[PDB]
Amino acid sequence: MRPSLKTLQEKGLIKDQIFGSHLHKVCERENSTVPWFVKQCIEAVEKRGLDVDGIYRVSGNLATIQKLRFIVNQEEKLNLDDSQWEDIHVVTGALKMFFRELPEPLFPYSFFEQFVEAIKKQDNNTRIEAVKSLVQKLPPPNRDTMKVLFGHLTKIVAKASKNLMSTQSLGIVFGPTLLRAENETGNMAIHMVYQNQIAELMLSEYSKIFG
């Protein structure tokens, strides 16, 4: 006679507090524009992940990621220096899982057509300006979380000699993770290029887009 997820949530045993909630609800609860969990993961990756081969491409142990997620959902105190989290790929995996589990992607669906128009622009400086305009129209949690995440990712790129990542391979990872445009009505191959190109531009032109 094992209780349901409804039961466990009612009873109060399983919170499911963070993962799967809108960015706006997570941020409203913490009184933030960037979720604490995102900043924690970023900090751990900067501390001990910048030189690691295939950082963000390599997968951590999903069973350990799932326990990381659970602890965070239980709103327990998280310390990423604990030996349990020693594989930095569990941290990167949990960060990506957070973005994948948002009910709406970091790049809102209402903005996707506008961002696509933006990267289609005839030359790179037009593109930069169009995309920067759009970031200024976002709800502050989406803009501020983009700034923090892309700002972090520029540091991955800078250490490419040590981590073997590039703007292109991070765009392959973060395109689908942040824009989730594969299945929007239209052509899938095309939507996949659109989102990877948008992620690449936000990364490679971070300074001009975000200051």
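Note that residue numbering follows the sequence shown and begins at 1.
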When the C-alpha temperature factors are averaged for each of 176-184 and 61-69, which stretch ends up with the higher value in the entry?
176-184
Report the stretch with the higher mean CA temperature factor, choosing between 135-143 and 116-124 on the basis of the entry.
116-124
So where's residue 166 on the chain's Cα temperature factor ranking, which third?
middle
Give the position of residue 202 by CA B-factor within its chain, expressed as the lowest, middle or highest third.
middle
Considering only modelled residues of the same chain, in which third does the CA B-factor of residue 36 rank: lowest, middle or highest?
highest
Third assignment of residue 21 from its chain's C-alpha B-factors
middle
Of the three thirds of the chain ranked by Cα temperature factor, residue 109 occupies the highest
